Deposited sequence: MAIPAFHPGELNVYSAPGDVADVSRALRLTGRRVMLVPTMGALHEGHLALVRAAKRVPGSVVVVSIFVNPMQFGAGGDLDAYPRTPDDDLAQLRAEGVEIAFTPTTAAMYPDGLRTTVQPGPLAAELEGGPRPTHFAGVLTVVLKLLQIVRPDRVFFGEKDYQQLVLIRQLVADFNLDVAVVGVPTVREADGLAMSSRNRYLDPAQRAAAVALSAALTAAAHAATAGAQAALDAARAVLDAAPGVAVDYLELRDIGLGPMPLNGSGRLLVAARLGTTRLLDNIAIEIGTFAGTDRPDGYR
């Protein structure tokens, strides 16, 4: 077995090493928690880590991996994890994840072609493939995903249900700046004027959530009005759906999702909506 030093950060890049260490740790009764990331860590990611660490005795495994895009489509990350009490960082190369190339893959259901999948019809196949691999390597009791990527979260629940995966999927609420802006690595691409304008997405959604006492159309129209008031924001979609991303029912709980471009940067956000309250 690879060396593992409890109560310290241990970094592995070979899938077999993490699989061996995780197996040994689980046999001692320590539950294993998995937090998938693409690195470039910020407080939103740290919320997922802290949620994992709340589970007593947990070994928190944070993976850092950027999946290659399919056809036609020095940092302080480890220091941050060390300071959070993370004991395993898994940092595989593309070659380690795909030693035989892109061969067997996961084909998501039709939700993957909607919303974020409109612009990127192969994106969620890639996400679900990588998540499935991470789940099998680490064999966590629970895996943590942010509500900010709500469609991703829903698709991961579909993956887990459809393939009978013995893992609990935990959605963690979106961590926001003081003005409401959803934290995201991509926010670093925004210049100061764009960062100021970007508050429109959260302002729109929160407006809608409160407008919703007057019904679904009022909610949608309120959000659209806020977005239309922000000149440098080009909306890609603004959609109200049920909580599983099916059609919104006449009365009940739903989710309002928005994606918009500010210059070259595409931002996304979403919020709970209640109708027929």
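J.: Relative to the deposited sequence numbered from 1, which residue ranges are unmodelled?
T.: In sequence order, the gaps with no modelled C-alpha are 1-2, 76-85, 290-300.
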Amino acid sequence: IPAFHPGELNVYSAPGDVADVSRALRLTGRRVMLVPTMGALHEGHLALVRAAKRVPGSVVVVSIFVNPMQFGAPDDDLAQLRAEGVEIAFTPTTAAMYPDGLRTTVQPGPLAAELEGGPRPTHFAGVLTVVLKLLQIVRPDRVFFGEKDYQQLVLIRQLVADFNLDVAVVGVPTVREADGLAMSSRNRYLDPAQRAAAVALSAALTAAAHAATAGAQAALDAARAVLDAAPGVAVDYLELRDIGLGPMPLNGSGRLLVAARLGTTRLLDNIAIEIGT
From here on, numbers count along this sequence of modelled residues.
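We call the rigid core the largest set of C-alpha positions that still match within 1.5 Å between the two forms.
J.: Taking C-alpha RMS after core alignment, which stretch differs more from the shown form in 9 other deposited structures of this protein: 251-259, or 265-273?
T.: When 251-259 and 265-273 are compared in 9 other deposited structures of this protein, 251-259 lies farther out.
J.: Rigid core superposed, root mean square over structures and residues, which stretch has C-alphas farther from this form in 9 other deposited structures of this protein, 183-191 or 200-208?
T.: Stretch with the higher C-alpha RMS distance in 9 other deposited structures of this protein: 183-191.
J.: Compared with other deposited entries of this protein, is residue 72 missing coordinates in at least a third of those that cover its neighbours?
T.: That residue is missing from at least a third of the other compared entries.
J.: If you take the mean CA temperature factor per stretch, which one wins between 265-273 and 250-258?
T.: Mean CA B-factor is higher for 250-258.
J.: Averaging CA B factors per stretch from the PDB record, which one is higher: 74-82 or 130-138?
T.: In the deposited entry, the stretch with the higher C-alpha B-factor mean is 74-82.
J.: Can you tell me whether residue 26 has a C-alpha B-factor in the lowest, middle or highest third compared with the other modelled residues of the same chain?
T.: Within its chain, residue 26 is a highest-third residue by C-alpha B-factor, going by the deposited values.
J.: Mind checking which third residue 100 falls in for C-alpha B-factor across the chain?
T.: CA B-factor rank for residue 100: highest third.
J.: What third of its chain's C-alpha B-factors does residue 164 belong to: lowest, middle or highest?
T.: Its C-alpha B-factor belongs to the middle third of this chain's values.
J.: Residue 210: which third of its chain by C-alpha temperature factor?
T.: Bottom third by C-alpha B-factor.
J.: Using only modelled residues of the chain, where does the Cα B factor of residue 223 rank: lowest third, middle third or highest third?
T.: For residue 223, whose C-alpha B-factor we compare with every modelled residue in the chain, the answer is the lowest third.
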